[PDB]
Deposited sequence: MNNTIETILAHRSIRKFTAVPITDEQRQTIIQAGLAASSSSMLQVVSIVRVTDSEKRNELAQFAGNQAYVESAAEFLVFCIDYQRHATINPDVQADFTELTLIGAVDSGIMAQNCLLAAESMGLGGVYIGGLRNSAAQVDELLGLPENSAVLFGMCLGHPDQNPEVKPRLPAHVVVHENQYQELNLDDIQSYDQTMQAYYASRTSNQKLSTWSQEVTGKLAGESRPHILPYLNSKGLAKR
């Protein structure tokens, strides 16, 4: 069917033309996102649509000079939001890590619906997690209140590049039957050879990134917004 063909044809697009996304298409992308499942129907996700060209230039820099944040037809920022709940009832305890986990999982579900809706219309896109490296600055720029935090952005627009589909680890590595199965390093070596053909190896690149520190300012940032304190 068309749904599965769309899911399997995905590739991140990082070059866009200047053709805008119509109001009808944008309203449909947001509705597709809203139709996503929500943990306990809590509805903990907020989207900040950035149209101001000066804020977009600042966001591209805050993302690590990723130019497509400025050139994209639409830039959406996904945020955890327990301020809606806190405004309704001030007795809400939003600082439990469980709530940040729900915020992250639900944001991913919603965002994927938005991206899939866009891709089905012939649009292209890419998630922007780079915003987290300058989290406090992005948070202030968007005026996010207490009980709210930035997670990632999303570029949407008409493609001006056609990259090849990137291979993933095989299903027998990622999927386990009944109990977790120990890793066979021969599968990692085969995947590394598959990635070298597409393009330092994959395993050497990813484990080398994790051998150092991974954005150490993230927990103090979440805590400063009143999230994940216990």
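*Asks:* Given the full deposited sequence, which segments carry no C-alpha coordinates?
*Replies:* Holes in the chain trace, numbered from 1: 1, 201 to 209.
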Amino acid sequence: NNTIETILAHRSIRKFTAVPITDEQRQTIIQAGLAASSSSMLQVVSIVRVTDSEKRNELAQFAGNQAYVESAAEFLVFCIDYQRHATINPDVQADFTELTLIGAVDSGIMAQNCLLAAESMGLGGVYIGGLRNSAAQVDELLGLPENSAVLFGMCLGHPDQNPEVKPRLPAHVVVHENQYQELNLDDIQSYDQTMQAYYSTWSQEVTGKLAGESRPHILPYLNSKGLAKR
From here on, numbers count along this sequence of modelled residues.
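*Asks:* When the Cα temperature factors in the entry are averaged, is it 45 to 53 or 176 to 184 that ends up higher?
*Replies:* The deposited B-factors put 176 to 184 ahead on the C-alpha mean.
*Asks:* Going by the average Cα B-factor in the PDB entry, point out whether 158 to 166 or 63 to 71 comes out higher.
*Replies:* The stretch with the larger average C-alpha B-factor is 158 to 166.
*Asks:* By its CA B factor, does residue 216 count among the lowest, middle or highest third of the modelled residues in the chain?
*Replies:* Middle third, going by the recorded CA B-factors of the chain.
*Asks:* Comparing against every modelled residue in the chain, figure out the third that the C-alpha B-factor of residue 120 lands in (lowest, middle or highest).
*Replies:* Middle third - that is where residue 120 ends up once the chain's C-alpha B-factors are sorted.
*Asks:* Within this chain's modelled residues, let me know which third the CA B factor of residue 222 belongs to: lowest, middle or highest.
*Replies:* Tercile = lowest for this residue's CA B-factor.
*Asks:* What third of the chain, by the recorded C-alpha B-factor, contains residue 197?
*Replies:* CA B-factor rank for residue 197: highest third.
*Asks:* Would the CA B-factor of residue 91 place it in the lowest, middle or highest third of its chain?
*Replies:* According to the entry, residue 91 has a C-alpha B-factor in the chain's highest third.
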